[PDB]
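Architecture and fold: a report
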Amino acid sequence: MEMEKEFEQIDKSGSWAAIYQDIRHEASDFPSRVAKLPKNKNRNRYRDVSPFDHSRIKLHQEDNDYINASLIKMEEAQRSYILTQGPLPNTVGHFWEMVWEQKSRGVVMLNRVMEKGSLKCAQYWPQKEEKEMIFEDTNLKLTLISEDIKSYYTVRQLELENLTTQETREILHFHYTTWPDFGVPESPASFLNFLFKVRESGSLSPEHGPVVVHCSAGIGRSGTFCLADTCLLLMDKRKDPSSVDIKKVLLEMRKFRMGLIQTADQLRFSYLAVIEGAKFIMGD
Ligand SMILES: CC(=O)c1ccccc1Sc1ccccc1C(=O)O
């Protein structure tokens, strides 16, 4: 069924809350035993958001290999994503270790450091060229190279140095700066514009390790970004737009990380973004 007609049918019947609960009911349930170990309690922002053991990203150290991060591997689309929580004051060094070890080119940030008057994640990148950050626990240095501030988003160029080997890489930071908590990113236009800027950077391409994507918990807004990207890619790979079931792609993604898409409004917005973005994919 053409999703654009499924859309209008759900809208006219007002059954978004009912579709959403059907997804919640059919969603995979896998163990998260490492996340729940007592040594890892201060590595988790939220008690009810954990990575599954089978898909969790492992840090390359014997001490404690744990970070609240998941590898989402989409086989047919040939895309991978790392979805993670907003880093904590004590996990900022683990976050940049993961970026280094996984060979990511891009970090996509979909939240503000403060929302609704509370801190949603640590200030994990330098705000001034001349004030670089050193992460002593993981032996990394991070420097702001340049910053490009637009109306809906900011792009930053960062330099990541492994202080152990003196190897250096440029990492791109894509910061979507106007998405409300459990809210919807305005209208498909600014969201899709931001997605196409990440794609044009090379950050999502197979010559690079997986993009790192986060919001506060790494499931809501983060889920919307990778669902919309993957559904548009599947329309392209076969150029048969009808052969895309958004609910089935979401359930496939939920085998790798729990809770992706947090509200029935986020589900509806994901549909809008895919339907409007297809009007480019199909040759316009
Ligand atoms: C070592 C390496 O090549 C690399 C691996 C992963 C992420 C970033 C990088 S660095 C990079 C990637 C693309 C374009 C320019 C640069 C740059 O170094 O300016």
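Residues numbered from 1 in each chain as written, not as in the entry; some residues may be left out. Heavy atoms only, no water.

The record lists X-ray crystallography as the method behind this PDB entry and 2.0800 Å as its resolution.

It is worth spelling out the side chain of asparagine 111 at this point. With respect to the element layout, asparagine 111 can be found in the loop between β4 (106-109) and β5 (114-115). Excluding anything up to four places from it in sequence, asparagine 111 contacts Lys120, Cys121, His175, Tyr176, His214, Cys215, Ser216 and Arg221. (Helix = DSSP H or I, 4+ residues; strand = E, 2+ residues; numbered from the N terminus. Contact = heavy atoms within 4.5 Å.)

Moving on to the sheet that holds strand β1 (residues 56-58). Working definition: the strands of a sheet are paired by backbone hydrogen bonds and lie parallel or antiparallel to each other. Ordered in space as β1-β2-β3-β11-β4-β10-β9-β8-β7, the nine strands form an open sheet in which the pairing is mixed. The sheet terminates laterally at β1 and β7 (133-135), the two strands that pair on one side only. Averaged over all adjacent pairs, the angle separating strand axes in this sheet is 30 degrees, with direction ignored. As defined by bridge partners, strand β2 (residues 66-74) adjoins strand β3 (residues 79-84) across six bridges and the pair is classed as antiparallel. When the sheet's bridge partners are listed, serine 70 is paired in β3 with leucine 83. In this fold helix α5 (residues 188-200) packs onto β3, β4, β9 (153-162) and β10 (167-176), with an angle of close to 170 degrees to the strand it touches most, β10. Across the sheet, helix α6 (residues 221-238) touches β2, β3, β4 and β11 (211-214), and the angle it forms with β3 is around 175 degrees. (Pairing = 2+ DSSP bridges. Axes fitted to C-alpha atoms, helices over the stretch in contact; angles between N-to-C directions.)

UniProt tags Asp181, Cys215, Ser216, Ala217, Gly218, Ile219, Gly220, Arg221 and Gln262 as "binding site: substrate". Sequence-wise these annotated residues cover 82 residues; spatially they are packed, their C-alpha atoms never more than 12.0 Å apart. Examined against the element boundaries, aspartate 181 turns out to sit in the loop between β10 and α5. Leave out the neighbours within four places in its chain, and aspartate 181 touches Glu115, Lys116 and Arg221. Looking at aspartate 181, its side chain comes within polar contact range of the side chain of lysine 116, at 2.6 Å. Among the structural elements, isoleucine 219 can be located in the loop between β11 and α6. Setting aside anything within four residues of it in sequence, one finds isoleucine 219 in contact with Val49, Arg257, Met258, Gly259, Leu260, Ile261 and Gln262. (UniProt positions renumbered as here; feature names shortened; annotations may be inferred. Polar contact = N/O pair within 3.5 Å; in protein donor to acceptor, adjacent residues only side chain to side chain.)

Following the UniProt record, one finds the feature "active site" at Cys215. By relative accessible area, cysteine 215 is classed as buried at 3%. Dropping the residues within four chain positions of it, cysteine 215 is found in contact with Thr84, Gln85, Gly86, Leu110, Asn111, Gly220, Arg221 and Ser222. (Buried < 20%, exposed > 50% of the residue type's maximum accessible area, 1.4 Å probe, protein only.)

Packing of α6 against helix α7 (residues 246-253) leaves a shortest axis separation of 10 Å and a crossing angle of 125 degrees. Comparing the axis directions of α6 and α7 gives the class oblique. Judged by the twist between their axes, the crossing of α6 over α7 is right-handed. Where α6 approaches α7, its residues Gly223, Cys226, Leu227, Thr230, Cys231 and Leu234 are matched on the opposing element by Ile246, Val249, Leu250 and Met253. Tallied by class, residues from the contact of α6 with α7 come to eight nonpolar, two polar and no charged. (Parallel < 35°, antiparallel > 145°, perpendicular 65-115°, else oblique. Left-handed = near helix turned anticlockwise from the far one by under 90°. Nonpolar A, V, L, I, M, F, W, Y, C, P; charged D, E, K, R; others polar.)

On to the pattern of salt bridges, then. Per the counting criterion, the structure on display carries 16 salt bridges. Among the ionic pairs, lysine 247 bridges to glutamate 6, the shortest N-O distance being 2.7 Å. With a gap of 241 residues between them, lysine 247 in helix α7 and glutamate 6 in helix α1 (residues 3-13) connect regions that are remote in the sequence. With relative accessibility at 9%, the residue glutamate 6 sits in the buried group. Here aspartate 181 makes a salt bridge to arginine 221, at a shortest N to O gap of 3.5 Å. With a gap of 40 residues between them, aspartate 181 in the loop between β10 and α5 and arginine 221 in helix α6 connect regions that are remote in the sequence. Judged by relative accessible area, which is 4%, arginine 221 ranks as buried. Residues joined by salt bridges that share partners form a network here, namely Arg112, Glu115, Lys116, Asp181 and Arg221. (Salt bridge = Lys/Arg side-chain N within 4 Å of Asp/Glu carboxyl O.)

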